[PDB]
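Data block below; observations after.
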Amino acid sequence: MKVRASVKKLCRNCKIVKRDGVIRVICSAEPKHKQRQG
Amino acid sequence: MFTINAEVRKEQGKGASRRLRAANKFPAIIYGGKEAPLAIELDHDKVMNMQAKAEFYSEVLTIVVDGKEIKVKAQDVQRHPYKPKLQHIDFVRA
Amino acid sequence: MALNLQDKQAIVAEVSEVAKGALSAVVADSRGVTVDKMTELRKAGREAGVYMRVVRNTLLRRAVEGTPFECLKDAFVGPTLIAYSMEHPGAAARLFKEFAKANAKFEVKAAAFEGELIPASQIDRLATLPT
Amino acid sequence: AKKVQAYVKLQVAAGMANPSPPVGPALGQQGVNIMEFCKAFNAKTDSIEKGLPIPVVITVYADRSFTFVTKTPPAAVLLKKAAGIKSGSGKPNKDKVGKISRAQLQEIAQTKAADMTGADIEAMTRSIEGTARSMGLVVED
Amino acid sequence: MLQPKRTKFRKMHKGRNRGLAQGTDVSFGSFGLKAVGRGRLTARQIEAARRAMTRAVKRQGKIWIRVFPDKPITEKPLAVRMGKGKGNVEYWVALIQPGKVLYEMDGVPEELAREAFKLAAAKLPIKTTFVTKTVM
Amino acid sequence: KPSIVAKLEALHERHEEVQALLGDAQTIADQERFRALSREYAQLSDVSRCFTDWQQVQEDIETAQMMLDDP
RNA sequence: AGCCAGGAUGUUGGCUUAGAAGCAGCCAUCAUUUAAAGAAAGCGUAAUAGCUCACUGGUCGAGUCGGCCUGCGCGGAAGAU
Ligand SMILES: [Mg+2]
Ligand SMILES: [Mg+2]
Ligand SMILES: [Mg+2]
Ligand SMILES: [Mg+2]
Ligand SMILES: [Mg+2]
Ligand SMILES: [Mg+2]
Ligand SMILES: [Mg+2]
Ligand SMILES: [Mg+2]
Ligand SMILES: [Mg+2]
Ligand SMILES: [Mg+2]
Ligand SMILES: [Mg+2]
Ligand SMILES: [Mg+2]
Ligand SMILES: [Zn+2]
């Protein structure tokens, strides 16, 4: 998990989801790509 | 062909024209020929869609004001500093 | 499938062969292979050439357009993926039944040689042919 | 038709059997035998040409035996012994490598057209010549 | 870094930056960056943004820089009290008003120039947009 | 491309010679040797082969020297 | 958007070298068969191999996909009684 002020889709499998008032990215291919806005 | 609907302005100046543009209209004028120049007002969003094409500037286009047809051409255009909006259009009647 | 012009220009290419053809058989080859499908299409060139328009337009209003012209009993062609193969040389040529011989050549889905009906036939193995 | 199991369509210039490091390491660590290429390879090569790279199948099963079949040379290596040029492309738009006669290719097209697809011989001409044009060869009328 | 070759006077008053801009058109190439905010552009930010957009198109096409840093800026040295004259000239800026076109391109696809102008705009302190040529 | 054909002819042996040596699993026990083969390229194989070619040709040249009465 | 099928042909390419074979970087991108398939968009490999994607068929069957101008809210946001 990388906590950065700007979160973007880095691959084709990344998805934007808003969970509990937080924008975060999740993908099923590369676990390095999961990330949240903090 | 391109057909534009316009209305004759009732007042002019700095304040009157700033009110037109806050209501999504803008001023223009038709001059040239033998008659006196005619100051009009005409809808913004409609004439913005027309002028995105490249033959808006190279074609005789009619303006329907007071219910009568007049053939004019676009001579000058005055556009907003940084927004995608128009401010004034000069017409020369043909 | 492309825009409406192709909805009108591919169908008009069909009418060339069906006008002056013969008995035709239909095969539903949904699950094949292109290298295997190559031979079936390249077999056409061996006998006389590519003169058969072998397009597949089996949508409800993509092949039925030419039905009122000829092969009226092919108006019941509403089911799923199929193929069209016709015969110019000779009435009821081997192409009505060579797929039956080719049925065993990894052609599991072969539509059971139902074909089109010029003399109003049914599902049968009409193997008779003057050689 | 049978799927690829452990085999590839490639080898060195077929000129000789030469069951040596040039050929063996393609499949030697996969089992079977390497020196078996000594007699199995010039059986069909003694009459074709000495130096033509032609691919063959190396279909091998768990019985430690492999079946092999030869074929025509590929497109690029074909335009070397009769095209009169041993170089290739690398800048087709920058320059032309040389001249090539179009009547030459379709005379030797049916050499390759035996397995090559196409409606007819003339159809193959544009295919074989197009990659010849990529080489910089100028199609002589 | 852009800088006047020779100048009449060594220093300038501070001034103000009111008004809108002259030069609000794409008059050289096909695409450009129009400034939407107001501020100053130094010579090190103009040079850094030109390196980012030149390296993005692989030096295919033409690029016009359309602003010039002709105004000197001075700073007093560190830990000195007030007064005792004016400071020493340290760098040069260009004053920017809403509407100026800052760069140009021509000779690239319209889709590739948007990406090049996007990497360039990340080096400047002023909000900008992407504009195209007009008939009139 | 004056002499690129010689480079391609040299290419056309290690193009498949390398396979049984990359995965032979005798030169990989130490860490350095695998990447040595990967980066230092194909020196040992082609150099030994070219040495053998040189030895054969030098053996050929030595002969045909004891003859007289002919030009 | 799902759910099934195909998703091809000489390019082990010459171009950089043992390798770039669709997939590190250097020119090109024709042609064939086809309802369709790019001299390869992605993954994955040392080359491999393979798995996808474009495109086209099949059931379903009603809308659907993106930009532009704007109003109000979200994150970025850590200190000492
Ligand atoms: Mg929680
Ligand atoms: Mg006044
Ligand atoms: Mg007044
Ligand atoms: Mg006032
Ligand atoms: Mg003043
Ligand atoms: Mg002031
Ligand atoms: Mg000013
Ligand atoms: Mg000024
Ligand atoms: Mg200025
Ligand atoms: Mg906030
Ligand atoms: Mg905010
Ligand atoms: Mg406190
Ligand atoms: Zn991802």
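FYI, nothing fancy with the structure tokens labels: chains A, B, ... in order, residues from 1 per chain, ligands from 1 as they appear.
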- Message: List as a PyMOL selection string the protein and nucleic acid residues lying within 10 Å of ligand 8, with only C-alpha atoms (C1' of nucleotides) and all ligand atoms counted.
- Response: chain E and resi 17-22+95-97
- Please extract the residues at most 9 Å from ligand 2, counting only C-alpha atoms (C1' of nucleotides) and all ligand atoms, and provide them as a list in words, using the chain letters and residue numbers of this document. residues 11, 12, 13 and 14 of chain B
- 12 Å shell around ligand 9 using only C-alpha atoms (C1' of nucleotides) and all ligand atoms, listed as a PyMOL selection string: chain E and resi 16-23+35+38-42+66-71+92-102
Write out, as a short mmCIF file (atom, residue, chain, number, x, y, z; two decimals), in the first residue's frame, the residues just selected, with N, CA and C atoms.
```cif
data_model
loop_
_atom_site.label_atom_id
_atom_site.label_comp_id
_atom_site.auth_asym_id
_atom_site.auth_seq_id
_atom_site.Cartn_x
_atom_site.Cartn_y
_atom_site.Cartn_z
N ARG E 16 3.34 46.63 -11.01
CA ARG E 16 2.16 45.82 -10.78
C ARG E 16 1.89 44.99 -12.03
N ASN E 17 0.90 44.11 -11.96
CA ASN E 17 0.59 43.19 -13.05
C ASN E 17 -0.91 43.14 -13.30
N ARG E 18 -1.53 44.30 -13.49
CA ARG E 18 -2.95 44.34 -13.79
C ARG E 18 -3.20 44.18 -15.28
N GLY E 19 -4.44 43.84 -15.62
CA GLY E 19 -4.91 43.83 -16.99
C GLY E 19 -4.91 42.44 -17.61
N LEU E 20 -5.40 42.40 -18.84
CA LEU E 20 -5.39 41.21 -19.67
C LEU E 20 -4.24 41.31 -20.67
N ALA E 21 -4.18 40.37 -21.60
CA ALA E 21 -2.98 40.16 -22.40
C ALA E 21 -3.18 40.54 -23.86
N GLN E 22 -2.09 40.98 -24.48
CA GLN E 22 -1.96 41.03 -25.93
C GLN E 22 -1.14 39.83 -26.39
N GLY E 23 -1.56 39.22 -27.48
CA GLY E 23 -0.93 38.00 -27.93
C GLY E 23 -1.72 36.79 -27.48
N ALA E 35 -2.14 30.76 -21.10
CA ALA E 35 -2.15 30.92 -19.66
C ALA E 35 -3.53 31.35 -19.17
N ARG E 38 -2.39 34.33 -13.51
CA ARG E 38 -1.57 35.54 -13.54
C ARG E 38 -0.36 35.35 -12.63
N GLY E 39 0.81 35.80 -13.08
CA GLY E 39 2.00 35.67 -12.26
C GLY E 39 3.27 35.99 -13.02
N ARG E 40 4.36 35.39 -12.57
CA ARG E 40 5.68 35.57 -13.16
C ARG E 40 6.22 34.23 -13.63
N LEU E 41 6.95 34.24 -14.74
CA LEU E 41 7.66 33.07 -15.24
C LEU E 41 9.14 33.41 -15.30
N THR E 42 9.95 32.65 -14.59
CA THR E 42 11.38 32.90 -14.57
C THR E 42 12.06 32.20 -15.75
N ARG E 66 7.24 31.87 -26.94
CA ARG E 66 6.51 33.07 -27.33
C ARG E 66 6.51 34.13 -26.24
N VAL E 67 7.28 33.93 -25.17
CA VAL E 67 7.48 34.91 -24.12
C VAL E 67 8.97 35.05 -23.88
N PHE E 68 9.37 36.20 -23.33
CA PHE E 68 10.77 36.47 -23.07
C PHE E 68 10.95 37.10 -21.70
N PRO E 69 11.90 36.62 -20.91
CA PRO E 69 12.16 37.19 -19.58
C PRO E 69 13.02 38.44 -19.60
N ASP E 70 12.41 39.62 -19.73
CA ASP E 70 13.15 40.86 -19.89
C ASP E 70 13.15 41.74 -18.64
N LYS E 71 12.63 41.26 -17.51
CA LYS E 71 12.49 42.09 -16.32
C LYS E 71 13.42 41.60 -15.22
N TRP E 92 15.77 36.83 -13.96
CA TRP E 92 14.92 37.54 -14.91
C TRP E 92 13.59 36.82 -15.08
N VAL E 93 12.50 37.59 -15.14
CA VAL E 93 11.16 37.02 -15.21
C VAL E 93 10.39 37.62 -16.38
N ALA E 94 9.29 36.95 -16.73
CA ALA E 94 8.30 37.45 -17.67
C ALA E 94 6.97 37.57 -16.94
N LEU E 95 6.32 38.72 -17.07
CA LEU E 95 5.02 38.94 -16.45
C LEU E 95 3.92 38.34 -17.32
N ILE E 96 3.00 37.61 -16.70
CA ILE E 96 2.00 36.81 -17.41
C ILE E 96 0.62 37.27 -16.98
N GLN E 97 -0.27 37.47 -17.94
CA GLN E 97 -1.65 37.83 -17.69
C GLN E 97 -2.58 36.79 -18.29
N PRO E 98 -3.81 36.69 -17.79
CA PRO E 98 -4.75 35.72 -18.36
C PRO E 98 -4.95 35.85 -19.86
N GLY E 99 -4.48 34.86 -20.61
CA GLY E 99 -4.73 34.85 -22.03
C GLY E 99 -3.51 34.69 -22.92
N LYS E 100 -2.30 34.83 -22.39
CA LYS E 100 -1.13 34.73 -23.25
C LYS E 100 -0.90 33.31 -23.72
N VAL E 101 -0.52 33.19 -24.99
CA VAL E 101 -0.01 31.94 -25.52
C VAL E 101 1.49 31.92 -25.26
N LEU E 102 1.95 30.86 -24.59
CA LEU E 102 3.32 30.78 -24.11
C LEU E 102 4.24 29.97 -25.01
#
```
- Task: Compute the chain F side of the contact with chain G at 12 Å, counting only C-alpha atoms (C1' of nucleotides), and hand it back as number ranges by chain.
- Result: F: 1, 4-5, 7-19, 21-23, 34-35, 37-46
- Output the contact residues of chain G with respect to chain C at a cut-off of 7 Å, based on only C-alpha atoms (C1' of nucleotides), as a list in words. residues 5, 6, 8, 33, 35, 57 and 58 of chain G
I need the helix (DSSP H, G or I) residues of chain B per DSSP on the backbone, written as a PDB file with N, CA and C atoms, in the first residue's frame.
```
ATOM      1  N   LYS B  14     -21.301  50.040 -21.936  1.00  0.00           N
ATOM      2  CA  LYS B  14     -20.503  49.091 -21.172  1.00  0.00           C
ATOM      3  C   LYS B  14     -21.379  48.224 -20.286  1.00  0.00           C
ATOM      4  N   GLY B  15     -22.326  48.839 -19.580  1.00  0.00           N
ATOM      5  CA  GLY B  15     -23.170  48.079 -18.676  1.00  0.00           C
ATOM      6  C   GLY B  15     -24.189  47.223 -19.397  1.00  0.00           C
ATOM      7  N   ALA B  16     -24.792  47.757 -20.457  1.00  0.00           N
ATOM      8  CA  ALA B  16     -25.845  47.032 -21.154  1.00  0.00           C
ATOM      9  C   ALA B  16     -25.317  45.762 -21.799  1.00  0.00           C
ATOM     10  N   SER B  17     -24.111  45.815 -22.355  1.00  0.00           N
ATOM     11  CA  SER B  17     -23.545  44.650 -23.015  1.00  0.00           C
ATOM     12  C   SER B  17     -23.030  43.621 -22.024  1.00  0.00           C
ATOM     13  N   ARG B  18     -22.591  44.048 -20.842  1.00  0.00           N
ATOM     14  CA  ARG B  18     -22.199  43.091 -19.815  1.00  0.00           C
ATOM     15  C   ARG B  18     -23.392  42.327 -19.264  1.00  0.00           C
ATOM     16  N   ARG B  19     -24.591  42.902 -19.329  1.00  0.00           N
ATOM     17  CA  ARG B  19     -25.792  42.184 -18.928  1.00  0.00           C
ATOM     18  C   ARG B  19     -26.211  41.153 -19.963  1.00  0.00           C
ATOM     19  N   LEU B  20     -26.005  41.441 -21.251  1.00  0.00           N
ATOM     20  CA  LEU B  20     -26.335  40.472 -22.289  1.00  0.00           C
ATOM     21  C   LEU B  20     -25.525  39.199 -22.128  1.00  0.00           C
ATOM     22  N   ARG B  21     -24.227  39.335 -21.873  1.00  0.00           N
ATOM     23  CA  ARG B  21     -23.359  38.172 -21.801  1.00  0.00           C
ATOM     24  C   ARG B  21     -23.565  37.372 -20.527  1.00  0.00           C
ATOM     25  N   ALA B  22     -24.151  37.972 -19.497  1.00  0.00           N
ATOM     26  CA  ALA B  22     -24.509  37.226 -18.301  1.00  0.00           C
ATOM     27  C   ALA B  22     -25.812  36.460 -18.463  1.00  0.00           C
ATOM     28  N   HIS B  44     -25.997  33.097 -27.882  1.00  0.00           N
ATOM     29  CA  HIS B  44     -24.594  32.706 -27.852  1.00  0.00           C
ATOM     30  C   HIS B  44     -24.413  31.245 -28.242  1.00  0.00           C
ATOM     31  N   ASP B  45     -25.033  30.335 -27.488  1.00  0.00           N
ATOM     32  CA  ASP B  45     -24.749  28.914 -27.656  1.00  0.00           C
ATOM     33  C   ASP B  45     -25.083  28.428 -29.055  1.00  0.00           C
ATOM     34  N   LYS B  46     -26.115  28.990 -29.681  1.00  0.00           N
ATOM     35  CA  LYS B  46     -26.459  28.583 -31.037  1.00  0.00           C
ATOM     36  C   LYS B  46     -25.376  28.993 -32.026  1.00  0.00           C
ATOM     37  N   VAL B  47     -24.921  30.245 -31.952  1.00  0.00           N
ATOM     38  CA  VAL B  47     -23.921  30.742 -32.894  1.00  0.00           C
ATOM     39  C   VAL B  47     -22.531  30.213 -32.580  1.00  0.00           C
ATOM     40  N   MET B  48     -22.308  29.704 -31.368  1.00  0.00           N
ATOM     41  CA  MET B  48     -21.056  29.014 -31.074  1.00  0.00           C
ATOM     42  C   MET B  48     -20.967  27.676 -31.798  1.00  0.00           C
ATOM     43  N   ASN B  49     -22.075  26.938 -31.872  1.00  0.00           N
ATOM     44  CA  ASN B  49     -22.060  25.667 -32.589  1.00  0.00           C
ATOM     45  C   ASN B  49     -21.866  25.879 -34.083  1.00  0.00           C
ATOM     46  N   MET B  50     -22.442  26.954 -34.625  1.00  0.00           N
ATOM     47  CA  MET B  50     -22.307  27.243 -36.048  1.00  0.00           C
ATOM     48  C   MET B  50     -20.868  27.558 -36.426  1.00  0.00           C
ATOM     49  N   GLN B  51     -20.176  28.353 -35.617  1.00  0.00           N
ATOM     50  CA  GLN B  51     -18.891  28.899 -36.034  1.00  0.00           C
ATOM     51  C   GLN B  51     -17.724  27.958 -35.779  1.00  0.00           C
TER      52      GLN B  51
END
```
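In this model, the gap between atom CA of residue 52 of chain D and atom CA of residue 105 of chain D comes to 17.0 Å.
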How would you write, as a PDB file with C-alpha atoms (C1' of nucleotides), in the first residue's frame, the set of residues no farther than 10 Å from ligand 12 when counting only C-alpha atoms (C1' of nucleotides) and all ligand atoms?
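Listing of selection33.pdb after writing:
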```
ATOM      1  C1'   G G  79       2.485  20.465  18.374  1.00  0.00           C
ATOM      2  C1'   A G  80       3.378  21.197  22.576  1.00  0.00           C
ATOM      3  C1'   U G  81      -1.275  23.170  30.651  1.00  0.00           C
TER       4        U G  81
END
```
- Message: List as JSON, numbers by chain the protein and nucleic acid residues lying within 10 Å of ligand 13, with only C-alpha atoms (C1' of nucleotides) and all ligand atoms counted.
- Response: {"A": [8, 9, 10, 11, 12, 13, 14, 15, 25, 26, 27, 28, 29, 30, 31, 32, 33, 34, 35]}
Residue subset to file, keeping C-alpha atoms, as a PDB file, in the first residue's frame:
```
ATOM      1  CA  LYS A   8      -3.998   6.954 -10.473  1.00  0.00           C
ATOM      2  CA  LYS A   9      -4.645   3.759 -12.396  1.00  0.00           C
ATOM      3  CA  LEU A  10      -1.259   2.355 -13.424  1.00  0.00           C
ATOM      4  CA  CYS A  11      -2.333  -0.754 -15.366  1.00  0.00           C
ATOM      5  CA  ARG A  12      -5.361  -2.111 -17.191  1.00  0.00           C
ATOM      6  CA  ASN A  13      -6.689  -4.019 -14.163  1.00  0.00           C
ATOM      7  CA  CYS A  14      -6.686  -1.122 -11.687  1.00  0.00           C
ATOM      8  CA  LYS A  15     -10.054   0.018 -10.337  1.00  0.00           C
ATOM      9  CA  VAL A  25      -7.119   1.837  -6.141  1.00  0.00           C
ATOM     10  CA  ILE A  26      -7.095  -1.970  -6.282  1.00  0.00           C
ATOM     11  CA  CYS A  27      -6.059  -4.385  -9.018  1.00  0.00           C
ATOM     12  CA  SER A  28      -5.979  -8.160  -9.349  1.00  0.00           C
ATOM     13  CA  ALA A  29      -2.733  -8.432 -11.332  1.00  0.00           C
ATOM     14  CA  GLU A  30       0.070  -6.584  -9.525  1.00  0.00           C
ATOM     15  CA  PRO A  31      -0.367  -6.097  -5.753  1.00  0.00           C
ATOM     16  CA  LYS A  32       2.187  -3.279  -5.999  1.00  0.00           C
ATOM     17  CA  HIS A  33      -0.573  -1.172  -7.577  1.00  0.00           C
ATOM     18  CA  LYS A  34      -2.913  -1.003  -4.577  1.00  0.00           C
ATOM     19  CA  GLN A  35      -2.940   2.491  -3.155  1.00  0.00           C
TER      20      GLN A  35
END
```
Would you give me, as an mmCIF file with N, CA, C and O atoms, in the first residue's frame, the residues of chain D that come within 6 Å of chain G, using only C-alpha atoms (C1' of nucleotides)?
```
data_model
loop_
_atom_site.group_PDB
_atom_site.id
_atom_site.type_symbol
_atom_site.label_atom_id
_atom_site.label_comp_id
_atom_site.auth_asym_id
_atom_site.auth_seq_id
_atom_site.Cartn_x
_atom_site.Cartn_y
_atom_site.Cartn_z
ATOM 1 N N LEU D 10 12.459 -25.027 -36.970
ATOM 2 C CA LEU D 10 13.665 -24.250 -37.239
ATOM 3 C C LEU D 10 14.895 -25.129 -37.083
ATOM 4 O O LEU D 10 14.884 -26.101 -36.323
ATOM 5 N N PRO D 74 12.053 -20.769 -46.221
ATOM 6 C CA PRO D 74 11.234 -19.582 -45.954
ATOM 7 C C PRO D 74 11.468 -18.492 -46.992
ATOM 8 O O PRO D 74 12.312 -18.600 -47.885
ATOM 9 N N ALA D 75 10.687 -17.419 -46.855
ATOM 10 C CA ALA D 75 10.640 -16.389 -47.889
ATOM 11 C C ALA D 75 11.968 -15.650 -48.014
ATOM 12 O O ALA D 75 12.485 -15.468 -49.122
ATOM 13 N N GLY D 88 20.306 -7.685 -46.689
ATOM 14 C CA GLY D 88 18.889 -7.597 -46.379
ATOM 15 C C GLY D 88 18.432 -6.159 -46.284
ATOM 16 O O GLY D 88 19.026 -5.260 -46.885
ATOM 17 N N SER D 89 17.360 -5.944 -45.529
ATOM 18 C CA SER D 89 16.792 -4.619 -45.336
ATOM 19 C C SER D 89 17.423 -3.973 -44.104
ATOM 20 O O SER D 89 18.460 -4.422 -43.610
ATOM 21 N N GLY D 90 16.804 -2.908 -43.604
ATOM 22 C CA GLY D 90 17.311 -2.167 -42.469
ATOM 23 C C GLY D 90 17.011 -0.695 -42.632
ATOM 24 O O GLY D 90 17.015 0.067 -41.660
ATOM 25 N N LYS D 91 16.746 -0.292 -43.872
ATOM 26 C CA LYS D 91 16.310 1.059 -44.196
ATOM 27 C C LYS D 91 15.682 1.074 -45.585
ATOM 28 O O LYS D 91 16.228 1.693 -46.508
ATOM 29 N N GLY D 118 -3.453 -19.390 -51.050
ATOM 30 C CA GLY D 118 -3.730 -18.406 -52.077
ATOM 31 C C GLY D 118 -4.750 -18.947 -53.058
ATOM 32 O O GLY D 118 -4.889 -20.148 -53.270
ATOM 33 N N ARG D 126 2.201 -11.038 -55.155
ATOM 34 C CA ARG D 126 2.242 -9.807 -54.372
ATOM 35 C C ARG D 126 2.704 -10.065 -52.945
ATOM 36 O O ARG D 126 3.391 -9.224 -52.353
ATOM 37 N N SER D 127 2.343 -11.217 -52.375
ATOM 38 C CA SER D 127 2.784 -11.542 -51.022
ATOM 39 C C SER D 127 4.292 -11.745 -50.969
ATOM 40 O O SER D 127 4.979 -11.150 -50.131
ATOM 41 N N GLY D 130 6.123 -8.452 -51.872
ATOM 42 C CA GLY D 130 5.976 -7.333 -50.956
ATOM 43 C C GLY D 130 7.074 -7.292 -49.914
ATOM 44 O O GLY D 130 7.690 -6.249 -49.678
#
```
I'd like the neighbourhood of residue 28 of chain D as a PDB file with C-alpha atoms, in the first residue's frame, where a residue qualifies if any of its atoms comes within 10 Å (using only C-alpha atoms (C1' of nucleotides)), though same-chain residues fewer than 6 positions away should be ignored.
```pdb
ATOM      1  CA  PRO D  21      26.864 -28.250 -31.904  1.00  0.00           C
ATOM      2  CA  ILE D  34      21.702 -35.742 -31.245  1.00  0.00           C
ATOM      3  CA  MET D  35      23.985 -37.836 -33.461  1.00  0.00           C
TER       4      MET D  35
ATOM      5  CA  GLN F  19      20.424 -23.536 -25.988  1.00  0.00           C
ATOM      6  CA  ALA F  20      21.929 -26.675 -24.439  1.00  0.00           C
TER       7      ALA F  20
END
```
- Nearby polymer residues, ligand 1, at most 12 Å, only C-alpha atoms (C1' of nucleotides) and all ligand atoms, as a PyMOL selection string: chain A and resi 19-22
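With the cut-off set to 8 Å and only C-alpha atoms counted, chain C residues close to chain D are residues 42, 45, 49 and 50 of chain C.
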Mind running chain B against chain E at 12 Å and telling me each contacting residue's nearest atom pair with the distance in Å (one decimal), counting only C-alpha atoms, chain and number ascending, as a tab-separated table?
```
residue	atom	partner	partner_atom	distance
B:51	CA	E:135	CA	9.9
B:52	CA	E:134	CA	9.0
B:53	CA	E:135	CA	9.5
B:54	CA	E:135	CA	7.0
B:55	CA	E:135	CA	9.3
B:56	CA	E:135	CA	9.3
B:57	CA	E:135	CA	7.3
B:58	CA	E:135	CA	9.6
B:74	CA	E:136	CA	9.3
B:75	CA	E:136	CA	8.7
B:76	CA	E:136	CA	7.2
B:77	CA	E:136	CA	6.7
B:78	CA	E:136	CA	9.1
B:79	CA	E:24	CA	9.7
B:80	CA	E:99	CA	8.8
B:81	CA	E:99	CA	5.0
B:82	CA	E:99	CA	4.9
B:83	CA	E:36	CA	8.7
B:84	CA	E:131	CA	9.6
B:86	CA	E:136	CA	11.9
B:89	CA	E:136	CA	10.8
B:90	CA	E:136	CA	11.6
```
Take the selection from the previous step and output its residues with N, CA and C atoms, as a JSON list (two decimals), in the first residue's frame.
```json
[["chain", "number", "residue", "atom", "x", "y", "z"],
["B", 51, "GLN", "N", -20.18, 28.35, -35.62],
["B", 51, "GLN", "CA", -18.89, 28.90, -36.03],
["B", 51, "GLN", "C", -17.72, 27.96, -35.78],
["B", 52, "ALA", "N", -17.97, 26.78, -35.21],
["B", 52, "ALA", "CA", -16.89, 25.81, -35.07],
["B", 52, "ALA", "C", -16.49, 25.24, -36.42],
["B", 53, "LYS", "N", -17.42, 25.22, -37.38],
["B", 53, "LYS", "CA", -17.13, 24.77, -38.73],
["B", 53, "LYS", "C", -16.24, 25.79, -39.45],
["B", 54, "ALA", "N", -15.62, 25.33, -40.53],
["B", 54, "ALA", "CA", -14.66, 26.16, -41.25],
["B", 54, "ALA", "C", -15.27, 26.95, -42.40],
["B", 55, "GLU", "N", -16.52, 26.68, -42.76],
["B", 55, "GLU", "CA", -17.19, 27.45, -43.80],
["B", 55, "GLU", "C", -18.11, 28.52, -43.23],
["B", 56, "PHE", "N", -18.07, 28.73, -41.91],
["B", 56, "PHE", "CA", -18.77, 29.87, -41.33],
["B", 56, "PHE", "C", -18.18, 31.18, -41.81],
["B", 57, "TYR", "N", -16.88, 31.19, -42.11],
["B", 57, "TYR", "CA", -16.13, 32.40, -42.41],
["B", 57, "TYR", "C", -15.96, 32.63, -43.91],
["B", 58, "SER", "N", -16.47, 31.73, -44.75],
["B", 58, "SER", "CA", -16.25, 31.81, -46.19],
["B", 58, "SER", "C", -17.55, 31.55, -46.93],
["B", 74, "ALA", "N", -19.25, 37.49, -42.43],
["B", 74, "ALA", "CA", -18.55, 37.70, -41.17],
["B", 74, "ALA", "C", -17.20, 38.36, -41.44],
["B", 75, "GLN", "N", -17.02, 39.58, -40.93],
["B", 75, "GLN", "CA", -15.82, 40.36, -41.21],
["B", 75, "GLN", "C", -14.80, 40.30, -40.08],
["B", 76, "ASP", "N", -15.23, 40.48, -38.84],
["B", 76, "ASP", "CA", -14.35, 40.41, -37.68],
["B", 76, "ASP", "C", -15.04, 39.59, -36.60],
["B", 77, "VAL", "N", -14.23, 39.06, -35.69],
["B", 77, "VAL", "CA", -14.75, 38.32, -34.54],
["B", 77, "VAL", "C", -13.90, 38.66, -33.33],
["B", 78, "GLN", "N", -14.56, 38.81, -32.19],
["B", 78, "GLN", "CA", -13.92, 39.25, -30.95],
["B", 78, "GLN", "C", -14.28, 38.23, -29.88],
["B", 79, "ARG", "N", -13.28, 37.54, -29.35],
["B", 79, "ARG", "CA", -13.52, 36.39, -28.51],
["B", 79, "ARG", "C", -12.84, 36.54, -27.16],
["B", 80, "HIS", "N", -13.36, 35.80, -26.18],
["B", 80, "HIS", "CA", -12.96, 35.94, -24.79],
["B", 80, "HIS", "C", -11.46, 35.68, -24.64],
["B", 81, "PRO", "N", -10.80, 36.38, -23.71],
["B", 81, "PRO", "CA", -9.36, 36.17, -23.50],
["B", 81, "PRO", "C", -8.93, 34.72, -23.36],
["B", 82, "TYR", "N", -9.51, 33.97, -22.41],
["B", 82, "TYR", "CA", -9.12, 32.58, -22.22],
["B", 82, "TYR", "C", -10.27, 31.59, -22.18],
["B", 83, "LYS", "N", -11.50, 32.02, -22.05],
["B", 83, "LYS", "CA", -12.61, 31.08, -22.08],
["B", 83, "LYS", "C", -13.04, 30.82, -23.52],
["B", 84, "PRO", "N", -13.70, 29.69, -23.78],
["B", 84, "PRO", "CA", -14.25, 29.45, -25.13],
["B", 84, "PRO", "C", -15.60, 30.12, -25.34],
["B", 86, "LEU", "N", -17.58, 33.83, -27.27],
["B", 86, "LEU", "CA", -17.53, 34.96, -28.18],
["B", 86, "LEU", "C", -17.99, 36.23, -27.47],
["B", 89, "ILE", "N", -19.33, 40.26, -32.94],
["B", 89, "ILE", "CA", -19.16, 39.84, -34.33],
["B", 89, "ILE", "C", -19.53, 41.01, -35.24],
["B", 90, "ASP", "N", -18.66, 41.32, -36.19],
["B", 90, "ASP", "CA", -18.92, 42.34, -37.19],
["B", 90, "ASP", "C", -19.42, 41.68, -38.46]]
```
- Task: Just the residues within 10 Å of residue 4 of chain A, please, counting only C-alpha atoms (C1' of nucleotides), with nothing from its chain fewer than 5 positions along; format it as a PyMOL selection string.
- Result: (chain A and resi 35-38) or (chain G and resi 76)
